[PDB]
Amino acid sequence: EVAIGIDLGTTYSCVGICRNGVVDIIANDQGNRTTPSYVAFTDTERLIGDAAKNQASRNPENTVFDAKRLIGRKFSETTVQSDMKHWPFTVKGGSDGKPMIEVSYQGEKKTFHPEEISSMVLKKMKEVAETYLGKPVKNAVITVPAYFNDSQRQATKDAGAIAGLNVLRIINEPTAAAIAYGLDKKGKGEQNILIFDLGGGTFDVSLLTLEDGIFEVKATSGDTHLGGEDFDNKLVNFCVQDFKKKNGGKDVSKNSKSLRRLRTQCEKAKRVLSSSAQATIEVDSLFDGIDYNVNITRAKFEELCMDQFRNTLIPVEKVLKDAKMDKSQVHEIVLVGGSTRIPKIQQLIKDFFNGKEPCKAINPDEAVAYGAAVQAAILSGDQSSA
Ligand SMILES: Nc1ncnc2c1ncn2[C@@H]1O[C@H](COP(=O)(O)OP(N)(=O)O)[C@@H](O)[C@H]1O
Ligand SMILES: [Cl-]
Ligand SMILES: [Cl-]
């Protein structure tokens with residue numbers, strides 16, 4: 001009976017349930033409404049979600065993340081060759097050409113396919129829903145990026161089956177976000193919808209058309225390597241240079257543990273800067289036992305990220321051009337992804353669309369799961385959300 005919607009994200013995943021026409025986004029064990037798409041292996045245990053992300057800096061080789069970048073891909077693909085520089089964990093090619101992620105678990109070398117790592121994240125999301133409901137959950141709708149090919153979609157579905165889920169359907173992330181806002185029902189005439197999705201690792205812009213409850217993806221564009229992690233890197237690079245000026249040229253970047261600890265604090269300061277004018281980046285005993293402290297204003301963060309923020313409009317202009325339509329023809333702009341909380345990004349999009357207010361009532365890092373939950377309820381025979 002019970003069907004859930006799961007946003008299986010690059011950096012974070014989210015699970016929702018639509019009951020009685022209302023959608024509940026389910027908080028995990030730590031009270032978090034999203035769960036990191038991280039799986040770690042230690043001498044004693046297999047950690048998933050928050051616990052895995054929290055020990056990543058102390059166990060880099062055996063903490064897996066970004067499996068969505070490998071799922072359904074052949075190890076020889078150029079995107080794998082390029083992305084692998086960003087991973088402290090080992091990835092090798094199997095005889096079937098599939099990527100094999102190599103970790104140490106309980107003193108033993110273990111290998112996993114990307115869909116096996118994703119199945120562990122999906123199993124955690126299934127368990128999050130089950131703890132909340134107090135009952136087993138078998139059915140699910142899982143979302144994927146609109147550009148995912150047949151191999152990537154099938155491997156995502158296989159990850160669901162391995163997790164014990166009966167995958168009712170694989171749907172597109174931009175379409176799930178549009179469904180969450182009821183843009184398929186509220187209109188009932190021709191509607192052009194722009195989905196602006198800026199997450200932790202990726203940026204996706206999708207232009208949809210909705211005529212008579214039917215969504216079609218007209219054009220997609222973005223940058224598979226632009227996200228919140230790149231804005232954190234701008235703060236890291238600044239702090240590394242600031243530490244040099246304060247401590248006689250000492251280079252924090254030569255110690256990978258110092259960089260990871262600094263990156264953790266840079267990301268926290270960035271989030272604070274979305275609702276405050278200032279934030280403090282503090283790392284006690286950062287490098288060579290030296291304490292680090294700096295105050296970052298929202299203006300300085302906006303300056304370091306100025307080009308990256310402005311360049312988010314380029315894929316917007318590209319989808320409009322590909323779809324042969326003017327920006328004035330866009331009926332709704334939906335903000336998806338945790339990075340859309342950055343005020344400067346919201347302002348740039350509003351100004352680009354001539355003052356039009358974007359749809360951001362649903363927590364942007366929850367809108368995809370929210371729409372998947374609605375679709376899961378419809379596919380289960382529940383018409384209450386209509
Ligand atoms: N309040 C905030 N301001 C700025 N960025 C924020 C934020 N809350 C979350 N984020 C960012 O959102 C990114 C995660 O986006 P999210 O939509 O959850 O994940 P995903 N798997 O789709 O990439 C992270 O880089 C995080 O720093
Ligand atoms: Cl249900
Ligand atoms: Cl309940």
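First listed ligand is number 1; within each ligand, the first listed atom is number 1. Here, residue 1 is the first one in the sequence, and each next residue gets the next number. When reading the values below, keep in mind they use all heavy atoms of this one structure, side chains included, and skip hydrogens, waters and symmetry mates.
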Considering heavy atoms of the protein only, find what lies nearest to [atom] and give residue, atom and distance to 0.1 Å.
atom: atom 20 (P) of ligand 1; answer: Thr11 OG1, 3.2 Å
atom: atom 3 (N) of ligand 1; answer: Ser274 OG, 2.7 Å
atom: atom 1 (N) of ligand 1; answer: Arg341 CD, 3.4 Å
atom: atom 17 (O) of ligand 1; answer: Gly338 N, 2.9 Å
atom: atom 24 (C) of ligand 1; answer: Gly200 CA, 3.9 Å

- Query: Do the ring centers of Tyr292 and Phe287 come within less than 6.0 Å of each other?
  - Reply: no
- Ring centroid separation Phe309 to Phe301 under 6.0 Å: yes
- For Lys270, the atoms of ligand 1 under 4.0 Å from one of its heavy atoms are 5 (N), 25 (O), 26 (C), 27 (O)
- Item | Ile342: numbered ligand 1 atoms lying under 4.0 Å from its heavy atoms | 4 (C)
- Residues passing the ring-ring contact (aromatic ring centres under 6.0 Å, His included) test with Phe203, sequence neighbours excluded, are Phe196
- Query: Is it true that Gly227 lies under 4.0 Å from ligand 1, counting heavy atoms only?
  - Reply: no
- Message: Heavy-atom contact check, 4.0 Å cutoff: does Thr10 meet ligand 1?
- Response: yes
- How would you list, by chain and number, every residue that makes a side-chain hydrogen bond (donor to acceptor under 3.5 Å, both in side chains) with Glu282, sequence neighbours excluded? none
- Message: If the test is side-chain hydrogen bond (donor to acceptor under 3.5 Å, both in side chains), which one of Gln265, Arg271, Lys270 qualifies with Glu267?
- Response: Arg271
- Message: Check this for me: does any side-chain nitrogen of one of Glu102 and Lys92 sit under 4.0 Å from a carboxylate oxygen of the other?
- Response: no
